[PDB]
Amino acid sequence: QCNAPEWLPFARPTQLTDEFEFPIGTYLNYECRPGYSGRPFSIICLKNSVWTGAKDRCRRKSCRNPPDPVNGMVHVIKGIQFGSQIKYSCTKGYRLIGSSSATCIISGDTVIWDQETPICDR
């Protein structure tokens, strides 16, 4: 019928584990789990045996880059945003003890980099 709405990283519906397909007018329990802001709501197969709108239900928070490297050199591999990663390179031939590569992840109401603080071995 619905042919399984799809896998949503945001949410792990209770019923979807062994069932996956439902009749029109059926409400599914979706929960936003790993820190996403969104207000969970059921997805109901209302249109064309397709779901009401499971899209962007749970939300990613915008990330930041004002912590800056001491040298002034930081590289944006993926982006500044959530799931993205950056380099903190002070020098080519030096070591950075802590988070050389900061990664922005969801804490729940905000997104932070896993960066402890700028570090330069030199």
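If you go along the chain as it appears here, the first residue is 1 and each next one adds 1.
Each residue, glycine too, has its Cβ placed from N, Cα and C.
Copied from Swiss-Prot, the annotated features are:
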- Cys2-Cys45: disulfide bond (DISULFID)
- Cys32-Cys58: disulfide bond (DISULFID)
- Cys63-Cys104: disulfide bond (DISULFID)
- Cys90-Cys120: disulfide bond (DISULFID)
- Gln1: pyrrolidone carboxylic acid (MOD_RES)
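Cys45 (disulfide bond) sits 9 Å from the residue listed as 'pyrrolidone carboxylic acid', counting Cα to Cα. Within the group of disulfide-bonded residues (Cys32, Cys120), the Cβ with the highest number of other Cβ atoms inside 10 Å belongs to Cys32. For the disulfide-bonded residues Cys2, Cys58, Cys104, the ranking by surrounding Cβ atoms (within 10 Å, all protein chains) places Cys104 first.
Geometry remark: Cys2 (disulfide bond) versus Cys32 (disulfide bond), CA distance 21 Å.
Within 10 Å of the C-beta of the residue listed as 'pyrrolidone carboxylic acid' we count 12 further C-beta atoms, all protein chains included.
Comparing C-alpha positions, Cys63 (disulfide bond) sits nearest to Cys32 among the recorded positions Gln1, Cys32, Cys90, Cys120. For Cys32 (disulfide bond), the nearest neighbour among the recorded positions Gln1, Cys104, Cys120, judged by Cα separation, is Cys104. Cα separation, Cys120 (disulfide bond) to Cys104 (disulfide bond), rounded: 20 Å.
Here the candidates are the recorded positions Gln1, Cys58, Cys104. The one whose C-alpha lies nearest to that of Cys90 (disulfide bond) is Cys104. The separation of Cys58 (disulfide bond) from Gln1 (pyrrolidone carboxylic acid), Cα to Cα, is 25 Å. Annotated pair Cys58 (disulfide bond) and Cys104 (disulfide bond), C-alpha to C-alpha distance, rounded: 17 Å.
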